[PDB]
Amino acid sequence: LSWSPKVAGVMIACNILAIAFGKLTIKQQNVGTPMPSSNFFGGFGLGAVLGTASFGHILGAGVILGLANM
Amino acid sequence: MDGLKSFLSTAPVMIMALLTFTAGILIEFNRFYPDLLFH
Amino acid sequence: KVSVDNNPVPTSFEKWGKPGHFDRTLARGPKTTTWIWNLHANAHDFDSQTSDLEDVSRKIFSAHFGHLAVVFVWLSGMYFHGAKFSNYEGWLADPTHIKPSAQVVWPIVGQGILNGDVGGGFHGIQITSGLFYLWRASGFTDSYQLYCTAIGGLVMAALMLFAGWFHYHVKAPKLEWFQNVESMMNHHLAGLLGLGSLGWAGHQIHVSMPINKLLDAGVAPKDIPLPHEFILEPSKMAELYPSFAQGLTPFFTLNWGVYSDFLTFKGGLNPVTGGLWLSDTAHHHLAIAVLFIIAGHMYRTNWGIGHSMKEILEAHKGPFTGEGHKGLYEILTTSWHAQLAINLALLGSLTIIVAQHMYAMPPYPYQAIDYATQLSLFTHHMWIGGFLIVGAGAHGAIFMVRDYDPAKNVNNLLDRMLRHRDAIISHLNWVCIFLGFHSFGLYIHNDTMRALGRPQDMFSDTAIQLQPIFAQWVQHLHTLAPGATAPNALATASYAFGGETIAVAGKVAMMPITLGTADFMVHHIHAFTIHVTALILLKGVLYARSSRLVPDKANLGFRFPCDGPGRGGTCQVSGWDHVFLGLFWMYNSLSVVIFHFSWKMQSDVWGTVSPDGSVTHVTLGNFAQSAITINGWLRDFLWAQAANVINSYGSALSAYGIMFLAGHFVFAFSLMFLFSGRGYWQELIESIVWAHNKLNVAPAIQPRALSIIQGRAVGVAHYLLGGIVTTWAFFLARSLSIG
Amino acid sequence: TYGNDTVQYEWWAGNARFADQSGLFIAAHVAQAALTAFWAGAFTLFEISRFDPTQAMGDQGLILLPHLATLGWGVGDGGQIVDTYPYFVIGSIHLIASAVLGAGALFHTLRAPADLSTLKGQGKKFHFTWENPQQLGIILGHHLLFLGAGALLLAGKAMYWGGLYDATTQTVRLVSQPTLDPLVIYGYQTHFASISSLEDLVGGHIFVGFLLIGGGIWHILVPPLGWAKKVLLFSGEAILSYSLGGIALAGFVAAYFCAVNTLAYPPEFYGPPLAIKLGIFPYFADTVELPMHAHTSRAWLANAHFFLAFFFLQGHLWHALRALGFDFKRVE
Ligand code: CLA
Ligand code: CLA
Ligand code: CLA
Ligand SMILES: CC1=C(C/C=C(\C)CCC[C@H](C)CCC[C@H](C)CCCC(C)C)C(=O)c2ccccc2C1=O
Ligand code: SF4
């Protein structure tokens, strides 16, 4: 429940699942504040990558607090 | 303030100032001399 | 994306001396005295003065700042009266015995008898608004904090006034700034509602929880630590809760289970003080803050991600509904009246939700014990909610008359709903008549069966019983909820569904409310009156464009008396007169609702408590077999409980008697405006102008009678004022006599 | 620094505009030195109000007051502070020095011009650029005496103006006549982590200030001949990288010096000497643990000086890559 590689592992796994989700189904992605490159994932941009990382954290708190009591 | 003298002399503000002055002198006369059913 | 024009309107006082300049027909000259009433009837009709959608919107924005100054100076007056002329520290020394009072009366004509002995030697008028329990829930200790809060409120009142002048005469925004409705929606979601909920969650964590914890322990006044001393010394906060020694660090690693000792899910009530748990409400406001700020990022403004609502409304179209919501995004961002109708509908239903939730889950300490506070807060929020719902029915009709352009919304939901107005209203009045017979004729039937001496043929519980099985099953599910369908909850959502009797200071806070056949009949009475008011307002909305009686109703305006005596007679046909009828029907609906509330709570809920467990109520359980009769509603409720308003002279509850009779006077005075028509009074006033012309004192302002809409408006205003003043005086004097 | 003559810099990269102007270059760099002098004086007065004499200095989180208790300013016997006011005079001077350095910060960007080549008097001999090696050697040459001056100011403080606090005898030791041999300085490279010697601390500081004053007279009088120019570069971000990698090394060895030493960082004020741990990152974890979730000042100083010098090493990589012939190169 504290800092561990297990909770960080399921956090990073569901986070990059959320990045793949945002790269698959966001209607308009690129037109925001431009990212310096496309090395991370896709062609997102600053606001778009902040959004899909925040959804990675929302999904992260979801499965982590859904498994910390189960 | 050539318009403030006209706004303070409209009908609601003048009738409210007159009723405030009338209620003021009535309440003051009823404090210093209360309970006068007759003369 | 900010678009501001600079100095649109010059600041000048010369326009204040010329009343009626905003409208074209009023600035010519007061040739007639009806101009005076028109000066108040069009003073806020900003859509009739300007017709460009940009001047009216900034006029609305500055009017919002002015009204916000009015609310801030009202709230400043509440905190100042609680600071200077109250007994808040005296009530905090002894909350159970003495009674709060935040208004002292100047003895001038004998009204010093209104300053009754509220307990502790302090005289004054006992307040029923119950904001003392709000202050104890927030964490106020002495009168100086209330005084500085009143000072800061007056500072923000002058700040809002300066912002109104700045946003109308210095830097006023453009129309595109107002039409940015997605940015407005997500800022109001996150930065206003969610950020304000997070602020109050932080105040409930730091101030409201430790102060109420040590006040529930029994610490006297002038011994509580100051609220900033818990932040300045976290050891005083860590000795009350063990989780505060863990710091911020478990919150960020999602180790929230160690925060369980001070963010609980207890529910129910606090048995020591008779209110909600402050840890429960702190966890509650934090959860609302998280959910609102999450929902505060849904709408795209500048960064690509987000839902623009236009294709949301495009995507919802079915087989029954034609083209769906195609056009509503262009409606609701170009017409302020449609936004006003939706917001008044949902704020009215919100205020009724507030009343229906602040009686079975009392959120404030020692609020459920004070019966006058509970009854007054319930009925006042019920009345504000019903008023705002009638205003929704008004501004829907104003949108139909003056803000509805039929060329833009073809075969959408608005056009399809206006296309079958008969198939809506002719079923709505059918269910009105069906509910009317089956909620009132039940009352007449067992009134007649009781009057004919046959109680076995009534609709009582011993008689033919109409058991409300659905809400009884729902109460069974709420009683069975903690442990089966809410396992981390200790108590129920409330103790009104089912559970133990909460007793605090010899009185009853909340016991389970069983629903017999009397509650069945009065709930169908409530559904009936709700349906009739939702019939008059809905057929004022739909039949505001045109009809088969008069098909030229849109060109005549929203607010016109009649089309004439032809077609049999067309008086009260406008969309305004449906609001005029719906105001009385809201009055009747809410009067029966608050009567059912007051009688059921003082017959089955309230009363004193005894140490062996038995509960004796205020009216000894009259609602079971005597709330099913109209004579039972008259004798056992309106005659028996009005004796505390009647026999209270020469005492503290003496102003309520001369407000009881005052409300009867304004009702009876309203009947003169409602029953009579204008032309009689015009034919009489012209005779008084003759009697003035005989003495050369006839005024050059032409004196003539009120308009027909004005006569109906003053009739419904004095009717609602007189009835609400009568119910206010009765409810306050009764519930202050019973404790 | 590459490409055309003038490149459009946005507001998120706007400090790359005054790099060649040399008039506003002094204005930002003494506004920065005013901010460190502001943090020198205000945050040792911030910690006077949050000071507990009965409680121990380690668990409270006191940072700057152990730094003055190391120099023997107001420490008494047993490891406690007998007077607060000598910590208040030094913080008052650093705040006044923050005012006058902040005063001249707006002088070199409001009244003084954008360069120093328009002047005619003594100020005409102060303009510099990123090309002339003899113009950057006179700037660097006058700096090397001031770094050597702090060693002799340390000597005059230690010999004749106050003692030092240690852990071998745990008292203020007004020492004098240090060691006079340089051979043990070659041997201290392998056990500098535990010096265990007070007379050699001031004895090595005089033995390094004589070297720092040697580099001062050398760098002023002669210019670079050319043996350094053929191996190095002379540009804007070039000379930035020589320093920013060097100060990263200084923060590296100071983050190591905090966690393991006992004499220069006394354990009666900073806390017990830490143990080097590596999980995901190398962090100097505490040996004993606190009752609450707090850490000692030795745990805060050693961890922050390592995390931030690591970013200052990788920021040296950001400037050394751009000072050489390398673009962003987002290919494939
Ligand atoms: C968010 C709230 C809100 C807002 C902004 C508006 C705004 C508006 N309404 Mg409105 N309305 C509302 C709620 C609201 N309403 C509600 C809740 C109802 C149901 C009661 C109505 C019913 C209503 C009607 C029936 C009409 C409007 C009209 C109007 C427009 C012109 C206002 C005007 O001329 O009145 C100016 C202000 C006054 C005339 C003052 C009214 C004074 C009242 C009657 C007495 C108050 C009694 C007081 C509380 C008791 C103490 C007094 C005394 C005993 C001391 C304006 C756009 C009119 C319109 O659009 O016509 C084209 C119109 O005919 N409204
Ligand atoms: C106490 C007086 C009174 C009564 C009884 C009614 C009754 C009614 N009003 Mg109403 N109304 C009133 C005052 C009253 N109003 C006032 C003061 C206003 C002013 C604002 C309005 C404004 C108003 C509007 C605006 C509307 C109504 C409507 C209605 C009808 C709703 C249907 C219903 O309840 O089922 C019928 C219930 C009854 C008739 C009462 C029950 C009485 C018993 C059960 C019937 C008698 C039994 C039997 C026939 C006796 C036989 C004896 C034999 C010799 C004949 C209903 C007839 C609505 C309507 O007609 O459409 C649905 C409508 O839209 N009213
Ligand atoms: C003393 C050392 C030093 C100096 C003089 C400079 C100087 C410069 N750098 Mg730089 N840099 C440094 C260290 C330094 N850097 C380090 C250590 C890193 C690694 C992190 C970087 C990474 C870096 C990048 C990635 C870029 C620069 C750029 C630049 C140039 C433009 C100024 C700028 O960044 O925009 C003005 C300054 C800002 C906008 C400030 C940014 C602050 C952000 C918004 C918040 C970051 C967190 C913040 C520090 C708060 C955290 C507090 C912490 C205690 C937790 C300028 C010549 C830019 C450049 O040359 O353009 C091509 C550029 O893109 N630098
Ligand atoms: C009496 C009556 C009139 C006559 C109405 C009149 C003469 C209005 C009377 C107004 C007088 C001047 C009283 C002033 C109103 C308030 C008391 C003003 C407040 C002033 C204080 C604050 C000082 C109508 O015009 C009418 C029209 C349609 C249906 C019914 C009726 C109706 O019943
Ligand atoms: S009675 Fe009055 S409102 Fe009715 S039709 Fe005749 S004039 Fe119009």
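Laid out as a table, the results:
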| quantity | calculated |
| --- | --- |
| Full-stretch length increase - residue C:717, residue C:50 - with 0.36 nm per residue and alpha-carbon distance subtracted | 237.3 nm |
| Mean Kyte hydropathy of 1.0 or more with a Cα span along the axis of at least 24 Å, helices from DSSP in chain C | C:143-165, C:278-295, C:336-357, C:517-542, C:657-675, C:708-737 |
| Degrees separating the helix D:297-323 axis from the principal Cα axis of chain D, which is the longest one | 10 |
| Residue-count net charge about residue D:66 - beta-carbon cut-off 15 Å; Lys, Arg +1, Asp, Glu -1 | -3 |
| Prolate/oblate/rounded label for chain C (Cα gyration tensor, a/c 1.5) | rounded |
| Cα centroid separation, segment D:247-310 to segment A:33-58 (Å) | 35 |
| Pair residue C:474, residue D:10: separation of 7 Å Cα→Cβ label points (nm) | 5.5 |
| 10 Å Cβ neighbours from other chains, averaged over peptide C:14-20 | 5 |
| Where a label projected 7 Å from the Cα of residue A:23 along Cα→Cβ would reach, residues of segment A:51-70 with amide N under 17 Å | A:51-57 |
| Farthest toward positive dipole pole in chain C [+1 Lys/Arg, -1 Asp/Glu at C-beta], among C:614, C:392, C:234 | C:392 |
| Calculated log₁₀ intensity ratio I(q)/I(0) where the Debye formula runs over C-alpha points of segment D:82-166, q = 0.23, 0.25, 0.26 Å⁻¹ | -1.22, -1.26, -1.26 |
| Per principal axis, descending, Cα span of the protein assembly as shown in whole Å | 125, 79, 75 |
| Charge dipole of the protein assembly as shown about the Cα centre (unit charges at C-beta), most positive-ward option of C:697, D:86, C:479 | C:697 |
| Dipole moment magnitude, nearest 20 debye, chain C about Cα centre, only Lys, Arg, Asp, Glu C-beta charged | 1780 |
| Centre separation in Å (Cα based) which lies between segment C:74-94 and segment C:205-227 | 18 |
| Once the Cα gyration tensor of segment D:1-111 is diagonalised, semi-axes √(5λ) in Å | 41, 16, 10 |
| 27 Å Cα-Cα threshold exceeded, pairs from D:125/D:229; C:18/C:59; C:236/D:277 | C:236/D:277 |
| Calculated FRET value between residue C:342 and residue C:671, using beta carbons and R₀ = 41 Å, to 0.05 | 0.75 |
| Sequence-distant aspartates and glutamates (8 or more away, or on other chains) whose Cα lies within less than 19 Å of residue B:5 | C:14 |
| Alpha-carbon centroid distance for the pair segment C:381-436 / segment D:119-164, whole angstrom | 84 |
| Cleavage-rule hits, chymotrypsin sites (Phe, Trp or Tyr not before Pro), segment A:32-70, DSSP coil, Cβ neighbours within 10 Å at most 16 | A:40, A:41 |
| Residues residue D:80 and residue D:173, FRET efficiency given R0 of 22 Å [Cβ-Cβ distance, rounded to 0.05] | 0.85 |
| Rg in Å to one decimal, and Dmax rounded to a whole Å, for chain D via C-alpha atoms | 22.8, 67 |
| Between 0 and 90°, nearest 10: helix D:133-160 axis offset from chain D longest Cα axis | 10 |
| Label zone at residue C:465, where the point sits 7 Å out along the Cα-to-Cβ direction: segment C:505-541 residues whose backbone N lies under 12 Å | C:515-518 |
| Nearest-0.05 FRET efficiency for residue C:142 and residue D:310, computed from C-beta distance (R0 56 Å) | 0.60 |
| Under 28 Å from residue C:694, Cα to Cα: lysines that are on another chain or at least 8 residues apart | C:31 |
| Farthest positive-ward along chain D dipole, Cα basis, beta-carbon charges - from D:278, D:133, D:201 | D:133 |
| Cα-based reach from residue C:317 at 15 Å (exclusive), listing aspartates and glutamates while leaving out same-chain residues under 8 positions away | C:415 |
| Burial ranking of peptide ranges B:15-26, C:126-137, D:58-69 (average Cβ count within 10 Å, highest at the top) | C:126-137, D:58-69, B:15-26 |
| Residue-by-residue Karplus 3J(HN,Hα) for segment B:28-39, coefficients 6.51, -1.76, 1.60, Hz, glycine and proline x | 5, 5, 7, 7, 6, 9, x, 6, 10, 6, 8, 10 |
| P(r) tail fraction, segment D:47-104 - alpha-carbon pairs more than 19 Å apart, % | 33 |
| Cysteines having no other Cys beta carbon under 4.7 Å from their own, within chain C | C:148, C:432 |
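Read-outs: derived from the displayed coordinates by stated rules, not from any lab. Neighbour counts run over all protein chains shown; Cβ positions are idealised from the backbone, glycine included.
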